[PDB]
There are 2 protein chains.
Amino acid sequence: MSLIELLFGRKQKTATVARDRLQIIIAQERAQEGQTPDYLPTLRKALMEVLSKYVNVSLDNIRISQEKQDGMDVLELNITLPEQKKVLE
Amino acid sequence: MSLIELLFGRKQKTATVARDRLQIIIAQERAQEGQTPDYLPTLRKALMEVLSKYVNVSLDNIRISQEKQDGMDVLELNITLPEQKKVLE
């Protein structure tokens, strides 16, 4: 029932990654009704700018994978958050 | 293999919704390494403000459902895009 199971339902992922990751899956569904598309590159843009700012990720670690189909589009975005907190002063 | 199948693998939905919907699933995974959270309410905020602006949705049609678990958090957000393009002039 819980998605957390399907997303990580691949046995035990033991071992410490020592890092952070982000997997944002967008599923936009639009009915024949309505026109003028402009939502896919909209969310991605805000995320690319927000993450680059709010998060410490270089456009070099940004994985993009768009998938369009009829009136259904799905943008798979996976970002790997690096580590560099460094001690205090 | 394709997610589009699992997401809509519920027989044929048929029938025209005459509307648009958005289902953004966020799956943040962080290893014991690192501290000071602040990522879940970060993406949601930018989305709530971006959508309210870039998209025509009232905070009344915003469905929020957070789900935390150990070092894994999943925020399920579903927005229903209304219709009101109206003819031209």
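Each value in this text was obtained by applying a stated rule to the coordinates, not by laboratory testing. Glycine gets a Cβ as well: all are built from the backbone with ideal geometry, and neighbour counts include every protein chain shown.
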Q. Name the pairs: first residue in region A:1-17 and at negative phi, second residue part of a loop (DSSP other than H, G, I, E, B), Cβ to Cβ under 8 Å, at least 6 apart or on different chains?
A. A:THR16/B:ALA31; A:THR16/B:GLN32; A:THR16/B:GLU33; A:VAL17/B:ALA31; A:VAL17/B:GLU33
Q | Restricting region A:1-19 to residues that are more than 7 Å from chain B (Cβ to nearest Cβ) and either of a type in the set (S, T, N, Q) or part of a helix (DSSP H, G or I) (or both), the residue that is nearest to A:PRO82 (Cα to Cα) | A | A:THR14
Q. Are any residues in region A:57-84 of a type outside the set (A, V, I, L, M, F, W, C) and out of contact with any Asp or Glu (no Cβ under 9 Å at 6 or more places or on another chain), and if so, which ones?
A. A:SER58, A:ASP60, A:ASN61, A:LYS68, A:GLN69, A:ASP70, A:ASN78, A:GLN84
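Determine whether region B:19-27 contains at least one residue that is of a type in the set (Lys, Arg) and over 15 Å from A:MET72 (Cβ atoms).
There is no residue in region B:19-27 that is of a type in the set (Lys, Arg) and over 15 Å from A:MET72 (Cβ atoms).
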**Q.** Hits in region A:20-71 (condition: in a helix (DSSP H, G or I), closer than 30 Å to B:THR16 by Cβ and within 7 Å of chain B (Cβ to nearest Cβ))
**A.** A:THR42, A:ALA46
Q. Of (1) closer than 30 Å to A:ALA15 by Cα; (2) surrounded by 12 or more Cβ atoms within 10 Å (Cβ to Cβ), B:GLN23 satisfies all except one. Which?
A. (1)
